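Q: Compute the structure for the input listed below.
(chains A, B, C and D, ligands or ions: 5)
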Amino acid sequence: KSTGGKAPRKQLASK
Amino acid sequence: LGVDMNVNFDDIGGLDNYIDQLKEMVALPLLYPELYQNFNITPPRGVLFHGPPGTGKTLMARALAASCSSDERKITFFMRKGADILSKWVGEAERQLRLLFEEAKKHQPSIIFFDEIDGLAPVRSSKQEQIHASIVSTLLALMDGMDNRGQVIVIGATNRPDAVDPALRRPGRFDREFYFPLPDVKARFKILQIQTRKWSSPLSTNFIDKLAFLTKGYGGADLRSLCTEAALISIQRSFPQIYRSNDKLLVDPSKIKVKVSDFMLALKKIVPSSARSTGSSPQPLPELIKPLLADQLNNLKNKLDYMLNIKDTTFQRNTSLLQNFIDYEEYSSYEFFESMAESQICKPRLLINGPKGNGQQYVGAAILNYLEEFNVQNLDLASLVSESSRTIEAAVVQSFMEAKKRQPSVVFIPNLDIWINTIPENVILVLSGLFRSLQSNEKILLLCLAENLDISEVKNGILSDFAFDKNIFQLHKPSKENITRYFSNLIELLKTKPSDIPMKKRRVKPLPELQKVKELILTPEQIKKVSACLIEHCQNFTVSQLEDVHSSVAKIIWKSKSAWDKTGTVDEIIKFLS
Amino acid sequence: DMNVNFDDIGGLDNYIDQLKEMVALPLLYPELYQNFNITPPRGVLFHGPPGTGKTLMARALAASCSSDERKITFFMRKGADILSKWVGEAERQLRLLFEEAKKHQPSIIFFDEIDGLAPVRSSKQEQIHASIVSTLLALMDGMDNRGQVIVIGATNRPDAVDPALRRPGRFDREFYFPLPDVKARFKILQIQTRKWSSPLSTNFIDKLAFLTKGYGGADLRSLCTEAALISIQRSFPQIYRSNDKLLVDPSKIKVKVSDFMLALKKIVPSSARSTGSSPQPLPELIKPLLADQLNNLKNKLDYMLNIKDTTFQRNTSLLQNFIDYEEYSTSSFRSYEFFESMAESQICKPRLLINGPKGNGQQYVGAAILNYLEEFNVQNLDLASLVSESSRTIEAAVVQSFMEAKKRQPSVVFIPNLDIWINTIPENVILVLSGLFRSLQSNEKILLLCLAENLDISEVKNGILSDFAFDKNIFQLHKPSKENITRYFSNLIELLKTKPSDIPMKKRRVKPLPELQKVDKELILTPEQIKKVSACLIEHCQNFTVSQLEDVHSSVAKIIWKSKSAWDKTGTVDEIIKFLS
Amino acid sequence: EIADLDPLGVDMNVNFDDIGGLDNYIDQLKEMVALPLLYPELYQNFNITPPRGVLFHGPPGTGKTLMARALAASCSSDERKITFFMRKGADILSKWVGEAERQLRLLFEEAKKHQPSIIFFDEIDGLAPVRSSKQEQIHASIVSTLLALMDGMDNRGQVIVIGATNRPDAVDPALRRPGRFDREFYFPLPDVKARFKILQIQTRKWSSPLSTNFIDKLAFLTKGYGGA
Ligand SMILES: Nc1ncnc2c1ncn2[C@@H]1O[C@H](COP(=O)(O)OP(=O)(O)OP(O)(O)=S)[C@@H](O)[C@H]1O
Ligand SMILES: Nc1ncnc2c1ncn2[C@@H]1O[C@H](COP(=O)(O)OP(=O)(O)OP(O)(O)=S)[C@@H](O)[C@H]1O
Ligand SMILES: Nc1ncnc2c1ncn2[C@@H]1O[C@H](COP(=O)(O)OP(=O)(O)O)[C@@H](O)[C@H]1O
Ligand SMILES: [Mg+2]
Ligand SMILES: [Mg+2]
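A: Numbering: from 1, shown residues only, chains lettered A, B, ... in the order given. Ligands and ions are numbered 1, 2, ... in the order given. Have a look at this structure:
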């Protein structure tokens, strides 16, 4: 089993 | 035109205990909290709906969502799914869950409904993205820190229970698990009666009895689809000028009545969800051979009544406990009546043994259809050597393991004569030793069907170690009354004029173009010349030879169906049976 | 969250003492536990199935923090409420929590749901959790040797915590929290029952203990909750259809046994795994038939396994010994070796073959014997648990069963249906097991217990079971006698002479309900009929085994229960006398 | 950077002065890690490279992990530490095909980066089993990556690779070779003299430790015991 992942959380962090 | 949003609780058939339990846990902790304090218990604030597709879960959530918004006190329904929670920012999915739980606490008498909750809360895995385990952890925390008074109820439907995390399915988080089964015959009757309720020309009760007898394996969605395609077949044959017209011709809806033939045609064109990829349910006796077998089958239904206590115990089938408490009074330390009531079941075995043929596939299907509350376990080789490399023993032991945990159960072995030759010795020894490790009062029926089995080597032999002692049936051959009633539907096919057949007759008179916006020659000495030799040919015949003769004569009678002179049909029958 | 402590946690008293001596007492008495240089653990992990009491043990340890300050400071954190949207406040807050743990010296940090805070780092993992692990590891390696901060952490999925924290110098001492066994469930049910107004007898609590194989403490709590709700439902079914508060007296609601039997099916089994044999005392119906034979068997097992004076050396917890019993008071090594080698010399090779006729209650006798040996370890070698196919051959499964019996002495190797085991299990597997029992010291308490139906005694004297020591250790189950059969059927005849104004049933509610406030005939049955039907029952079941006695009992109970509501039981006695012919 | 790449932080309270009964393997381990760091002028005179690999094999609780941790805290002094990586063959992500090769390559990158290193594999037959075996779950690419990543002939640096296992049979016979695991050391269940030595080690930091005669009796009555 080998499958990949989402490009990581953007962490907007401005508000 | 679309699906409802003001469904009441009487449009749901077959789930009355769960409706009463939902009403209890949304009303009773609000009025009488002292009863939850007198006993030191906390009212359950979590329900998991689970069952096969189309069985009532979103319907009961919709009915509860309509019941939340009617009465003098208002319960707030919060509907969620995985789309309006999952976010692409760090820490925003869990924040949306927390805003949901805080907003439901603010509107404090509240329901929160998570639909397809296995997609929102899967089993936590390190081979998945962290957002799913993070959502499961945030949900576990928010459930463990709720109001603790029965104010926020959390209802989830998963369709598949195993997918949801076991930490959410433990008491404290989702306390109750409502299993919404595929409906049995009283429930299917009630569901079909709910569907055929606002119909102008109504359906009878005996026809819905037959219609609920034939639709085993249907969900509520499949029965609703059966009424829908029955109604559309009725519209199709009542007014077929609709379907070739690009603008609206006037019809009269009161001239359309759903006929029994339309329902029987809609049964052929509908596969239920439970059989849409699998094998279909065991069917009753097919209609032609009910003369040959049913009385004998009825003897079986008596022998399986005085050995399993069928009708005495199962009078309450997923029914409301509350209406049983209202309708029947208790007498009110003395539970040895439980021990004598458990003592009526000794070890129940049945060996239905008969000649080669004789309709034992029909009898086995009829019995497994008759025992719909029992959990059948099929030890035929079509299932034991089905999932290969698993080994017959790991399949046979697993099959016995599901037969002793979901009791009442039936361990079903058809073709027992073939089975004790095509089954490895160890399986019979493993199965025989597994049966004699049971207690005597344990309701596991060993139902076995055999064609021409050696009764001397079932006292002794391989089946010596099973208690086939005085519970061995005998399927003897059909009798003359039954063979005559069998062949007396075949004589009715001889007595049809070609103008009596509902066959494909051509149209000379074309469509009524809506407003836009002789004698049959059959001598009564021939009609018993057929029947006397028809019974004389079928001497000591079994069920298979009888229906082979019926098949040949039905071909002969059917090929000369356009003629009114049926003398050339009679002499061909007399020549065939000779 | 309440004022919850111990004396609420049943079935885990030993673990609390093991934890108190591992965690609480080294932190509390360093004048004692630093005398022997045994270092307290840096990280101790509570793992187990859900609902097994792991949050209870930390809450009870934090109520053992309900004590005076500067001792056992307890920090209660989760795998959440630490992790945040920002990039530093998680690791800064973990460093700060550890700094406040160092500030109060003797301190405990508890991480409930530690898989939430420390998941497995991989390439589908987030950065912020990976950095939380990267700082928790460095903080645990920073903690000094003079151990005054202990970090307890709990999980229900132990191989989903990150592997790094399980390495030496980290969370390395573990506590497994299994599902409870029968006595533990008895204690838990007692604990849930304690504060009810109307009480529950201890026999019903024992029956409810034997019905719940697979139930954690959460499951037993919710079973009691649904039993209370079913009882409120049956006592006042008018408060359910009201929409207004009715004046109900909560004293007339008593939770009966029928409510618990309804809550048993109203409660999901929650991985019960009710498979194979269950140690369970002999059932009350057949207990007249096999009581004296089981008593002879229990006495023979007492002489054989020395259970009269050990009962696991009168020890199940060592702490209750050291307060009630005064000890006996280096020349003691020769004495202790002598009296230990004489105490272990009682046990030679334990082997019991219980032979009987066909269908003479061996499935009951074996389960009652395995209930009698609760302090043992049962390794069942029956066919259904060997061919259960765990991706291993059955030779391997037999060998691993014997290894687990050999590890966990005192233990039994329980082979039911021996005459079927002999023909089904291959001959080399039986010879492998015979070699495994020949390679055994004569001081090891591994009882080989085998129950057979009609096993030919030639096969154990000169056959394949001859290299098992079954020489003088054949117990014969007799067919039950006239006193046993008479006392067996006396309950049936007691059911017969029981009036229809005394048999509980369900007739229609013909009387109206109370609608709460808004805020003289004889059973006609002569004693000569009773005496005659007793004589006919005794004369019919002559030299019957237990199964064919249970058959006659089931048939006559069917007949008696068919004419349940009759007041003249003459057509009952005529049916019964006619049946026994 | 996101993997299992952390050094195991060793304690200086474990050295060879706390190990009982295994002095030959300690003397063979001094020439493997400690003396090439301490005397690099002598290994260069014969142009020899020390063995960068050793397989510790024996029954559980005989001190293979203790020997590795003491090896780390032996020549970690004179502002020259030994960075200790410890992995295990029982990890959930160890048989994770696609990911486990990335984790192994990142482990060997970070062990080359902290130059005097020790990688200790606690159950190496969980990670590198025999490819000619009869269970279905066997990853041959993981084992070939483990083969080619460790190299005592290709000059990676001062990286010692240590594997621990119960018997060396279950390990791949491709990994018992002069480039990969030069030496194999059997860690036995200790005999009566070594049990006396271990029980003298476990009680020497007591208040009133046991007498010599008392320890001799304890060593005798503990037949079949490991040091754990
Ligand atoms: N017990 C029932 N009584 C009456 N109608 C029913 C019943 N069960 C299903 N139906 C009908 O079938 C429709 C679809 O059923 P649903 O309950 O929405 O499916 P479901 O139970 O949610 O299952 P899944 O997992 O979502 S496919 C309902 O809207 C009803 O019209
Ligand atoms: N041994 C026990 N005695 C009495 N009550 C118990 C016992 N074990 C569990 N309970 C009850 O079960 C509840 C749940 O126990 P917990 O300790 O929260 O379970 P848990 O181990 O935390 O499971 P997870 O992993 O968090 S889902 C407790 O609040 C008690 O009411
Ligand atoms: N031969 C030994 N000499 C001294 N101490 C030992 C010995 N074997 C084990 N121990 C003690 O037991 C502990 C655990 O043993 P461990 O090294 O984990 O065994 P294994 O390597 O087989 O897993 C060690 O930390 C050590 O204190
Ligand atoms: Mg749905
Ligand atoms: Mg917990």
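
Q: alpha carbons only for contacts and neighbour counts from here, please
A: Fine.

Q: what's the closest non-adjacent residue to the residue of the stretch 151-300 of chain B at minimum distance from chain D?
A: Closest contact between the stretch 151-300 of chain B and chain D, by CA to the nearest CA, is at residue B:165 (18.5 Å). Excluding the flanking residues, the one nearest residue B:165 by CA to CA, 6 or more residues apart in numbering or on different chains is residue B:123, at 4.1 Å.

Q: what helices or strands is the helix or strand hosting residue B:140 leaning on?
A: Using DSSP states H and E, residue B:140 sits in helix B:130-144. Identification of packing neighbours for helix B:130-144 by 3 or more CA pairs under 8 Å, 6 or more residues apart in numbering or on different chains; DSSP states H and E yields helix B:93-106, helix C:114-117.

Q: State the three-state secondary structure for the closest residue to residue D:138 other than its chain neighbours.
A: What sits nearest to residue D:138 in space, not counting adjacent residues and going by CA to CA, 6+ apart, is residue D:131, at 7.0 Å. Of the three states, residue D:131 takes coil under DSSP: H, G, I helix; E, B strand; the rest coil.

Q: wait, what's in contact with residue D:131?
A: Residues near residue D:131 by CA atoms under 8 Å, 6 or more residues apart in numbering or on different chains: D:138, D:140, D:172.

Q: how far away is the second one from ligand 3?
A: To ligand 3, residue D:140 is 26 Å away according to CA to the nearest ligand atom, to the nearest Å.

Q: do the first one as well
A: In this structure, residue D:138 and ligand 3 are 24 Å apart, going by CA to the nearest ligand atom.

Q: Please report how far that residue lies from residue D:4.
A: From residue D:138 over to residue D:4 the distance is 22 Å, taken as CA to CA, to the nearest Å.

Q: Tell me how many other residues crowd residue 15.
A: No chain in the question, so chain A it is. Neighbour count of residue A:15, defined by other CA atoms under 10 Å in any protein chain shown: 3.

Q: Chain D, not that one
A: Count around residue D:15 with other CA under 10 Å applied: 18.

Q: still on that earlier bit, so which of the helices and strands packed on helix B:130-144 comes closest to residue B:410?
A: With CA to CA as the measure, helix C:114-117 is the member of these nearest residue B:410 (43.2 Å).

Q: So the closest one, near ligand 2 or not?
A: No. Applying CA under 6 Å from any ligand atom, one finds helix C:114-117 separated from ligand 2 by no less than 10.2 Å.

Q: Restricting to C-alpha, output that helix in PDB.
A: Extracted in PDB, the C-alpha atoms of helix C:114-117 (Å, rounded to 0.1, in the frame of the first residue of the first chain):
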ATOM      1  CA  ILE C 114      -1.500  10.500  23.400                       C
ATOM      2  CA  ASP C 115      -2.000   9.300  19.800                       C
ATOM      3  CA  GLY C 116      -3.700  12.600  19.300                       C
ATOM      4  CA  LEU C 117      -0.700  14.500  20.400                       C
END
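
Q: Show residues contacting that helix.
A: Contacts of helix C:114-117 (CA under 8 Å, 6+ apart): B:133-134, B:137, C:78-80, C:83, C:129, C:132-133, C:153-155, C:157-158, C:160-162.

Q: which residues does residue D:11 contact?
A: Counted by CA under 8 Å, 6+ apart, residue D:11 has contacts residue D:73.

Q: what's the helix or strand for it?
A: Residue D:11 belongs to no helix or strand, assigned by DSSP H and E.

Q: Could you check how far it is from residue C:171?
A: Residue D:11 is 15 Å from residue C:171, by CA to CA.

Q: list the contacts for the one residue in chain A that gets nearest to chain D?
A: Residue nearest to chain D within chain A: residue A:2 (5.6 Å; CA to the nearest CA). When contacts are counted by CA under 8 Å, 6+ apart, residue A:2 touches D:96-99.

Q: List buried residues within those.
A: For the contacts of residue A:2, a burial check counting by 16 or more other CA atoms under 10 Å in any protein chain shown picks out D:96-97, D:99.

Q: Chain B: which of the residues you listed is nearest?
A: Distances from chain B to those, taken by CA to the nearest CA, are shortest for residue D:96, at 8.5 Å.

Q: contacting residues around the closest one?
A: Residue D:96 neighbours (CA under 8 Å, 6+ apart): A:1-2.

Q: That one - that's part of a helix, no?
A: No. Using three-state DSSP, the assignment for residue D:96 is coil, not a helix.

Q: next one: phi and psi at it?
A: Here is the backbone geometry of residue D:96 (degrees, to the nearest 10): phi -80, psi 100.

Q: can you check the one 3 residues further on too?
A: Comment: the main-chain dihedrals of residue D:99 come out as phi -90, psi -40, following degrees, to the nearest 10.
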